[PDB]
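In the block that follows, a single chain appears as structure tokens, in the form deposited in one PDB entry.
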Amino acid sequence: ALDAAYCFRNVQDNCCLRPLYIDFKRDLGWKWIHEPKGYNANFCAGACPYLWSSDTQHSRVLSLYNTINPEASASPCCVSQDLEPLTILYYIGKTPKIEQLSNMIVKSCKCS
């Protein structure tokens, strides 16, 4: 998979997970989250070679088209695959509460 272990080994031009830490107050302007101060959101970026696409007929027809006619490219797009939640601390008045924020973290990537 295009995850931390495979992708964080070196810098790669191809579709891969990229490290990113987001500080809620500083980078999002979210003051409602008291803890943690930030988290490793990560993101997906990089070139998609033509055979890296699947799960849709249009994508596999497009991949086959591209492999035969490269010069006239319609290159696939590096997108998120596995997403994970994050537990945070917020307040209801003076009472500290905890809740899960869904799909905050990207763990792996794929080509569209």
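The term rigid core refers to the maximal set of C-alpha atoms that superpose within 1.5 Å between the two forms. Shifts are known only where both forms have a C-alpha. Residues carry their position along the shown sequence, with the first being 1.
There is another form of this protein, the form deposited in another entry, and it is not shown here; the text below is about that form.
Once the core is superposed between the shown form and the other one, every option in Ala47, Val61, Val79, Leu28 stays below 2 Å in C-alpha shift except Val61. Annotation: Cα of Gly38 displaced by less than 2 Å between the shown form and the other one, core superposition. In sequence order, 52-75 is the sole run of at least 3 residues present in both forms whose Cα atoms shift by 2 Å or more between the shown form and the other one once the core is superposed.
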